[PDB]
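Just so you know, structure 1 and structure 2 below are the same protein chain in two forms, each on its own as structure tokens.
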Structure 1
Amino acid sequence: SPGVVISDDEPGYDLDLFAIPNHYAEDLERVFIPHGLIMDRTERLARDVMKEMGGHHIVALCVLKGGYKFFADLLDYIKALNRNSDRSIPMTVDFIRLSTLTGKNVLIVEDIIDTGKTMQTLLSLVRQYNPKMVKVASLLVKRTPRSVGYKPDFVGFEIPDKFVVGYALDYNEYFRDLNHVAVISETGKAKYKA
């Protein structure tokens, strides 16, 4: 499934309908995915992953310079599933940045997939170490003409081609205290520029 599809015509939500940090009022255009909807979708992703790969030990890999926050929530949800199974399932968690992967189930966790080049490159590397199974979970997949066409195994949301921030998605180290996925405004785009 392509996940939750936010279409190009869907405007999103007015900033006034949800709680927003006041220091970002002029910095955001609109709210795409409230923090609460991200959690509800992420909980479902954890069940899809466990149903498909969680039978035994997995290696979950967070791609650095990315969405550590989404890796953390997804692993929280996975742990809750394991916490109510009858088996004690071990689990390796590591962080990768672009040897013991061989023979194991590898889940790669990314926060956003824009062009898809990063993930396209990462998989070639991981697959040269020949693992039994390598799957990718991405919170957001952006619909962009700049995309090479890659399709993650597990997709939280499919969003229009807009620059988004909040939850896991910083912008020059700002916006990590924003828990909703919003579209950045030109005022904010230039305010926190580097």
Structure 2
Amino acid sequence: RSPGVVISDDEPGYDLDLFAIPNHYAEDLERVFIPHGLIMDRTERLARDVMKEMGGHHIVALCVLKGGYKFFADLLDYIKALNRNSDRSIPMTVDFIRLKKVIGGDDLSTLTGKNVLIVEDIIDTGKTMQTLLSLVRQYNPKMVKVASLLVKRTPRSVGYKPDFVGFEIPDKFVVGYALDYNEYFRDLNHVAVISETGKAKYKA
């Protein structure tokens, strides 16, 4: 199916001075990699693709924190827009989980017999998603799909690819739009690349 918006390995990105950038990170980012408004435009379209394939039965939206919170909130807002401007709509429930083994959610028995949409910020090797999916399938959901904002082109991939992708990106470390570098850079609406100064100041 669709592999998303392909960002080539040689993408230059954009000069920071062409966009509005948080003052505290000005010296800490290299380039803007994916502008926030382009994330919205892509997400809008994924929202329609999601409803096409899953609007026929109750959806349980499952946000993988922390990185996924922003993508999850905006994906859901566009899905909500679809549901209030059209005759066809089905209820949605939401839940949140963090991965260490699953940390702090509803009991997974809520997923049984439901359309489960797992929402992720990034897929790298895909090992984590494979592991979460084999766990979720033990609870017998009607169906389980994975929406991920980014998929990284990496040789370390184990072969997993999600059902809805936003962008496919080089094997580069990106921050922003809730993706972090040691907890920092979540408070940034663009996806960006850290500068050298940057990763020093916030090294662990």
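Start at 1 and count along the sequence of structure 1; that gives the residue numbers used here. Basically, rigid core = biggest C-alpha set you can superpose within 1.5 Å across the two forms.
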Core-aligned CA shift between structure 1 and structure 2 for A182 (Å): 0.8
After fitting the core, how far does the CA of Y13 move between structure 1 and structure 2, in Å? 1.8
Between-form comparison on the rigid core puts the Cα shift of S88 between structure 1 and structure 2, in Å, at 5.3
